[PDB]
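Residue numbers (the authors' numbering), protein chains in the order written: chain A, 2 to 104, 106 to 337; chain A', 2 to 104, 106 to 337; chain B, 2 to 337; chain B', 2 to 337. A prime marks a further copy of an entry chain.
Here a beta-carbon is modelled for each residue, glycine too, at the ideal position from N, C-alpha and C.
Notes follow once the structure below has been shown.
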Amino acid sequence: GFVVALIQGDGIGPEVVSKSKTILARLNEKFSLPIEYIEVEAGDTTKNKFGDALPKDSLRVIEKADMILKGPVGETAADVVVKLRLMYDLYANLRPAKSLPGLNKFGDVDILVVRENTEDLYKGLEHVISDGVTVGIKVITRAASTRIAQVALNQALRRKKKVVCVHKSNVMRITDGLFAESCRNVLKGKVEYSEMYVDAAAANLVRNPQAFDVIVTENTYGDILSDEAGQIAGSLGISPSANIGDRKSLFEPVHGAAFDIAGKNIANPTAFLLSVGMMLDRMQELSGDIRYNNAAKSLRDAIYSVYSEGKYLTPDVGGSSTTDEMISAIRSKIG
Amino acid sequence: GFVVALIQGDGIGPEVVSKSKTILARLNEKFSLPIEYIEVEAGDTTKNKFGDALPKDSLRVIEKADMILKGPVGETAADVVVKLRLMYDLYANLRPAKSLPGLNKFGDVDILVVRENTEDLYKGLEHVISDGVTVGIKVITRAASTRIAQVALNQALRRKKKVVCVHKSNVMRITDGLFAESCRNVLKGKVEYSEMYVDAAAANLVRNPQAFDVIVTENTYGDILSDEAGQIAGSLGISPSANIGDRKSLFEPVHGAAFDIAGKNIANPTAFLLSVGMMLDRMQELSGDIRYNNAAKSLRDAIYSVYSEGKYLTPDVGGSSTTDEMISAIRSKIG
Amino acid sequence: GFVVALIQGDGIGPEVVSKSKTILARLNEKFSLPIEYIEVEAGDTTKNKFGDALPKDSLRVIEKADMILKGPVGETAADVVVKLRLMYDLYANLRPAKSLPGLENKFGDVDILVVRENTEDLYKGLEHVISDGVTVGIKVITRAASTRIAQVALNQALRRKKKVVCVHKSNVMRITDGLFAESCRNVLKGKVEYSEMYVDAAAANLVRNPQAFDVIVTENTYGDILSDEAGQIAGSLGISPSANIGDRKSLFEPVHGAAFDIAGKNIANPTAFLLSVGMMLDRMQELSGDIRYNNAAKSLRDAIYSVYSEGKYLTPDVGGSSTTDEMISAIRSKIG
Amino acid sequence: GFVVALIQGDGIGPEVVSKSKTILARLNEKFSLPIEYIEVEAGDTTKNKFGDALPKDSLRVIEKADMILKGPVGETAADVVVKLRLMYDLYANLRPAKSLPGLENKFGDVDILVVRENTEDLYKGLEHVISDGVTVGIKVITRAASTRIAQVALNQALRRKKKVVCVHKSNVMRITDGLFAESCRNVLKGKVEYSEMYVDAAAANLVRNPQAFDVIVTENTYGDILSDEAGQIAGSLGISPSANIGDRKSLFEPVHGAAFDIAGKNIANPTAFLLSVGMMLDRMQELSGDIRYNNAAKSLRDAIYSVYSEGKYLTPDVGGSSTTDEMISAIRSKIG
Ligand SMILES: CC(C)[C@H](C(=O)O)[C@@H](O)C(=O)O
Ligand SMILES: CC(C)[C@H](C(=O)O)[C@@H](O)C(=O)O
Ligand SMILES: CC(C)[C@H](C(=O)O)[C@@H](O)C(=O)O
Ligand SMILES: CC(C)[C@H](C(=O)O)[C@@H](O)C(=O)O
Ligand SMILES: [Mg+2]
Ligand SMILES: [Mg+2]
Ligand SMILES: [Mg+2]
Ligand SMILES: [Mg+2]
C-alpha cells in the first residue's frame, strides 16, 4: 500500500482538495485501494502558526510518506514546493497539456512538457552584491541535463517518438550549450529530434501547437512554456503535474492559488483530479497491481464524460456550474 | 541630417534589406530626407571573411553613425546585436505587437513590450566550473531597472496608461524582487499599475491579449513574451523593434534569419519596414523636422493599405505573393 | 557625548575588560569625557546562557551606541565580529604592528600599519553548494570600497612616514584585484610615496626587511594574513590593538584571542585592550571635534609606554612578575 | 623514455638553463637516462619576437612532451604558467623550503614543505565587471580537487616527519573552505599526525616557530602566500625548486624571478633550477618505475649539497666568489 502526504495549500487549494476528497475516498472503496491519506501542514497560513511554511512536523510526515499530493500554495510557494523538489531531488516535472472534449481555442491539443526541476535559477543562489546591485547564479550540470533528457526519451517512446529540446544557447553559450549537448547525446537517433530557441518555441506554440509532441527544457523555460501550453489546451484549470524523482514523487496542479476566486465555489477541480490520475498510474507501475489502473481509468473516463456531456463545467472551461456540481457529476460517473 | 549604419545580416536579411532599399530611397527623394545609409559588415558570412562577426572596420563606421538599421543575423547574432546593445547601452527594447487589417488569430491586438536590454543573463558571464558543471551570473541592478521602468511610463502615457510589470520574484526573491520594486517605485500612482508572474503572463497573453497595454520586463522574459505577443498579433513577419539608448539607437525586426526560406522570395518585409517607421519617428523627435513624420505616415499608410486590400501579402500573413510583389505594392502607394 | 557598548567576551576577555574599567573612569574624571559605558553581552558564554552569541538586547544596546569596545570572543568570534562589520559598514580595519620599549624581539623595533578593507572581498559569505562536491564563493571588489580604504591609508600614512604600499595579486586576478589597485592608485599617487607589491612577495619581504614598511593598504583576506605576520614580526601580537572604523559606528578590540589557557590567573596582559581604548579616543576626537579626547589618548599612551620603559609592574608575558591588577594601578597612577 | 620541453625564459633564465645543460647531459650519460630535451620558447622575449608569450610551435612541442622544465619568465609569467597549470591539470604545487649547508640564515635550519592545490580557488580567472564600479570573482572549491591534493600531502608527509597541517579560513568561508578542510580530514586523519590552522594564525606561527612545521597542505591563494613566507624564513627563496605535478604532464621551475638586474654577469645561482631537475627525476621514477632516475636524483642532490658544504665554488648570492660556470663544473665533477 501507499501513504500519501496530502497538502491542501492556500487560496482555492483547501476547497478543491477537501471537496475532491469525496472522490479519492470513493476510489479507495470501489477499487479496494490500500492508500492512506495523511493531511499535512504547508503554506502561507501554516507559516503564521509555525513560523515556517514547511515546518519540521510536516517534513517528518513527508519523510515517512511514499508520495505527496497537493493543492497550490500562495506567497510562500517557493519555500514549500521548490524546497520539496530540491530536498527529494524530484527532478522530472511532467506536465501534459491535453484538450478535453467540448471545450477550443485551438482544437485538438496534446503536448507534453518535460521540465528539469532541480537546477537552473531555482536553488535561490541570489545576493545583494553592493548598493543597488544583485546577482543570481544559474546552474546547469551534465548529470541533471542527461537524466531529464532520459525521462523525455521514455515519455516520447510512449507517444509520437518526437522531441524538441528548447533552450537559448545562442546567447547562453555555456550553460544552455551544455544542456542542449546533453539532450542531443541521449535523444538524437532514438527519437525524431530537433532543437528550438525558447522565444521561437513560445511563438510556435501559438502558431501551431499540433506540431509538438514532447518538449524537453530547463526549469524557468519549462515554467513558462507549460503555462502557455496549458492555456492553449484550454485552461490552467485542467493542467496536472507529476514531479518524479528516484525515491519519492509529488503530484499537483500547474495552476496557482487563485486568491481572487477563493471561497466562491467556482474553482475547477479537474487539474487536481487529473494529478490524482497521474499518481495512480505511478502506483500501478510501482506495485504491479491493476486495481490502481482500474481506478485511474474510472477517474479519467468520468472526467472525460462530464466534459463531453458539458452540463457541469466551471466558468474557466466555458460552463456555469460550481465546483460542487462538477465534483458530484464526476463522482456519480465513478466507477 | 542622419548617417545610418545599414546591416544586411544573414539568411533572409540580405534579400529583405536590399529589396526594401528601393522604398528607403523613394522616401529620401519624395520627402527630401537628409539620411545617408552606409552599408556595414556584420554576421555569419562577415565572420568568415574577417574572423570577427562584428569587426573593427564595422565598429569604426557605427561609432561615426547616428543610428543602426539591420536585418537579422544568423548563428553569430549574440556577437553582433547583443554586443551592440551592451557597448552602446541601448537599454530600452521597444517591441509593439500590433494587428494589421485583414489578417486573426485573435482579432484586434495592440500590445507594447518594453524589454530591459542590457543585463539579466545577456552579458555572457558563464563558465565551466568543473567537469560537467556550469554556471551563469544573472545581474539585476536598480539603475537599469529604474531607467527601463521610466521608458515604460513614457510609452504608456501615450497609450492607455496601463502597465503590467512581469517577473518571477516568488522564486527569484532578490534579483526579480529588486526589479519589481524599482518598477513599482517609478510606475505605481502615475499609471494604472499591476504585476504578474512571467508564467501567468504567458498564459494570459493567450487567454486575453486585449487585456494588455504595456508590458515591462527583464531581458530573457521580454525575449520570450515579445515573440509570443508578436505571433498573437499575427506574425513575427510584421513585428518591428527599436533599441534605444542615450546616445545611439538601433532598429530591427524581432524575427530571426529564417535560413530555411532564405533565397526563395517569400520573406515578409513588413517587420523591417515597420522598424524603418520607428526609426523615422525618432528622427522627427531628435531633429524637430516634420518631413520625417510625413515619410513615416506615408510608409505606414502604404503598408496598412496593402494589408487592407489583401492581394499582395506573403504566405506568413495568409497571402500567396512574393517579397518583390509586396515591395512594389507598398512602393507604389508611397507617397 | 558618546555611548560605548562594552563587551567583555570570553576567556581572558572578562578579567581584562573589567579590571581596565578603573582606567576608563580615571580618563573620564581627569579629562571631563562625557562617555557612558554600557555593558553588553556577546560570545560563547552568552550563547550558552541566552541561546545567541549576540542576543536581541545586546543588538538593541549596540544600535544605540556610537562605538563598541570589546575583549576577545571564543568559538563564536566570526559570528559576532563579522556580522557587526557588515551590519554597520565598519569598512576600515586598522592593524598597527609596533614594538614596545624595550621588549626582547627577534627583528628589533618594527613599526608597520596594515590598513585592511573590512567589508567586501570574500567576507560577505556569498557561498554555496552548486552540485555534489562542488562549492563556489563570490569575491566582490567595488570602486567605492577600494577608494574609501585608500583614503584611510592616505591619512594614516601622512601621520607617519608618508609611505604606502598597495598589496594585491592583479597579475592573476586581473579584474577584481585590478580594480582595487587602480582605485588605490587614483587616490594615492602624487600625495604619498606610493608603490605596489604582490601579496606573495609581501609575505616574503616582511620577513626579509620589515624595517622597509610604513603603511600597507590591501584587501580583506590579504590583510587578515599580513596583519598577523607583521604583528608576529614586531613581537606585538599579544599586545596590539585594532580598530574597525565606520561612519556612524566603530569597533575597537585587541587582536589577541580568548586565551582560555590563562583565564582566572590574574596575569592576562591588559595592554592590547588599553591601546584599543587609545584608538577609540582618537576616533572620538574626530567625530566630536574636541581636543580632550586627544589629551586623554596621549595621557593613556604615555602612561603605557612608561610602565613598559620602567619594567617594574609588567605582567609575565612581557617579562614581568606582576598581576593584571598591579599593572593597571601603575598605568592608572601615571594618568593625570 | 621521456621528452622534456626545456624553456629558457627571461632574465637570468637563459644563462642558468643553458649552462646547466652540461649537467643534464652528464646525468643522461652516467645513469643511461633516455631523456630528450627539446628547446621551447616562452616569455617576454618570445612575445616580442613572435607576438605570443606561448606561440603555436611552443604549444605544439609542449603537447608532445611528458614534462616541462623551465627557467623564470618575466612580465608574462602569469600568462605562461597559469595557462599551463589549467590546460594540463597540474594540480599539485610542491614548494619545499629547506636550508642548505651551511648558509647564514636568521632562523637557523628550517625544513618545511608547502603542498598547494594548483588548479582551482581564484586562479581560473572567473572574473567580471557586473556594473559600473563593481567586479566579482568566483572562487571554486571541489571535493575531487581537495581530495587529490590531500593524497599528495599524505605521500610527502610519510616521506618526511609524518606531520601535516591543513591551512584554511573555514570560520569565515564556511562552505568553500569547509569542503576543503573536510576533504583533507577524510584523507589524512588516522594516517598522519593531523591538525588544522587558520591561515592568519599560520602566517604568524611560521615566524614564531618555523621549526614546528613539517608539511602544510592548503588552497591555491593561501599556498602562494605561505610558500614565499616559509621560503624567506628558511633563507632559501633564491635557491628553492618547485614542482607542478599532473597525471599526464608535470612542470618544474625555480621559485625565483627573472632577476633582470643581474642578467649577463655570469653570477646567477643555478641551484634552484638544478634542484627542480632533481624533482623532475623523482617524478620520472614514479611514471616509469625505474630506479636509474632515483640514483640520478640522489647523485645530483648529493653533488649540490657537497659543493655548498665545501664552500670553494659558490656564486656570490650564497657567499662565494665564483661564476655560474665554475659552480656548475664543481657540481658536475661530483656526479658519477
Ligand atoms: C509557484 C511557483 C514556485 C511554481 C514554479 O515557479 O515552479 C509554479 O509557477 C509552478 O509552475 O509549479
Ligand atoms: C538573436 C538573439 C540574440 C536575439 C535575442 O536573444 O535578443 C533575438 O532572439 C531577439 O529577440 O532580438
Ligand atoms: C575571527 C575572524 C573572523 C577575524 C577575521 O578574519 O578578520 C579575525 O581573524 C581578525 O583578524 O579580526
Ligand atoms: C606568477 C604567479 C602567477 C605565480 C602564482 O601566483 O602561483 C607565482 O606567484 C608562483 O608562486 O608560482
Ligand atoms: Mg509556473
Ligand atoms: Mg528573440
Ligand atoms: Mg585575523
Ligand atoms: Mg608566488
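Query	Result
Residue span of the alpha helix (DSSP H) that contains residue 105 of chain A, given as start and end	Because residue 105 of chain A lies between 104 and 106, and chain A jumps straight from the first to the second, it has no atoms in this structure.
Cβ neighbours of residue 141 of chain B in the same chain (closer than 6 Å, five flanking residues each side left out)	121
Quiz: which residues have CB nearer than 6 Å to ligand 6 non-hydrogen atoms	A/201, A'/225, A'/229
Within 9 Å, strictly: CB atoms of residue 308 of chain B' and residue 25 of chain B'	no
C-alpha gap between residue 146 of chain A and residue 217 of chain B, whole angstroms	47 Å
Ligand 5 heavy atom lying under 8 Å from the CB of residue 256 of chain A	yes
Residue 223 of chain A and residue 170 of chain A closer than 9 Å at C-beta	yes
Test: residue 337 of chain A CB closer than 9 Å to a CB of chain A'	no
Chain A residues whose Cβ lies nearer than 9 Å to that of residue 142 of chain B'	Neighbours of residue 142 of chain B' on chain A: none; closest Cβ ~15 Å, over 9 Å.
Assigned exposure category for residue 35 of chain A' - 16 Cβ within 10 Å defines buried	exposed
As assigned by DSSP and simplified to three states, the class of residue 268 of chain B	coil
Sequence-distant residues of its chain with Cβ nearer than 8 Å to residue 31 of chain B' (five each side left out)	297, 300, 336, 337
N-terminal and C-terminal residue of the beta strand (DSSP E) that residue 6 of chain B is part of	3-8
Spatially closest choice to residue 89 of chain A from A/33, A/73, A/156, A/69, by CA coordinates	A/69
Cutoff 9 Å: residue 128 of chain B Cβ touching any chain B' Cβ	yes
Where residue 214 of chain B' falls, given that 16 or more other Cβ within 10 Å makes a residue buried	buried
Per-residue DSSP class, three states only, for residue 242 of chain A'	strand
Where the alpha helix (DSSP H) through residue 117 of chain B begins and ends	Note, residue 117 of chain B: premise wrong, no alpha helix (DSSP H); beta strand (DSSP E) at 112-118.
Rounded distance between the beta-carbons of residue 124 of chain A' and residue 221 of chain A', thought under 8 Å	5 Å
Residues bridged to residue 169 of chain A' [DSSP beta-bridge criterion]	A'/199
Beta carbon proximity, residue 316 of chain A to chain A', threshold 9 Å	no
CB contact below 9 Å: residue 132 of chain A versus chain B	yes
Residue 89 of chain B CB to nearest heavy atom of ligand 8 below 8 Å	no
Whether residue 184 of chain A' touches residue 219 of chain A' by CB criterion (9 Å)	no
DSSP state of residue 314 of chain B' mapped onto helix, strand, coil	coil
Distance, residue 305 of chain B Cα to residue 331 of chain B Cα	9 Å
Coarse secondary structure for residue 98 of chain A', derived from DSSP in three states	strand
Any non-hydrogen atom of ligand 7 within 8 Å of residue 223 of chain B CB	no
Continuous beta strand (DSSP E) stretch holding residue 68 of chain B': start and end	68-71
Residues that residue 135 of chain B' contacts on chain A, provided the C-beta gap is smaller than 8 Å	131, 132, 135
Residue 237 of chain B to residue 65 of chain B span [Cα, whole Å]	33 Å
Contact belief for residue 105 of chain A' with residue 13 of chain A' at Cβ below 8 Å, rounded distance in angstroms	Because chain A' is numbered 104 and then 106 with no intervening positions, residue 105 of chain A' cannot be located in this model.
Under the three-state DSSP convention, the category residue 76 of chain B' falls into	coil
Where residue 322 of chain A' sits in the DSSP three-state scheme	coil
At least 3 beta-carbon pairs within less than 8 Å: the segment 90-107 of chain B vs the segment 235-255 of chain B	yes
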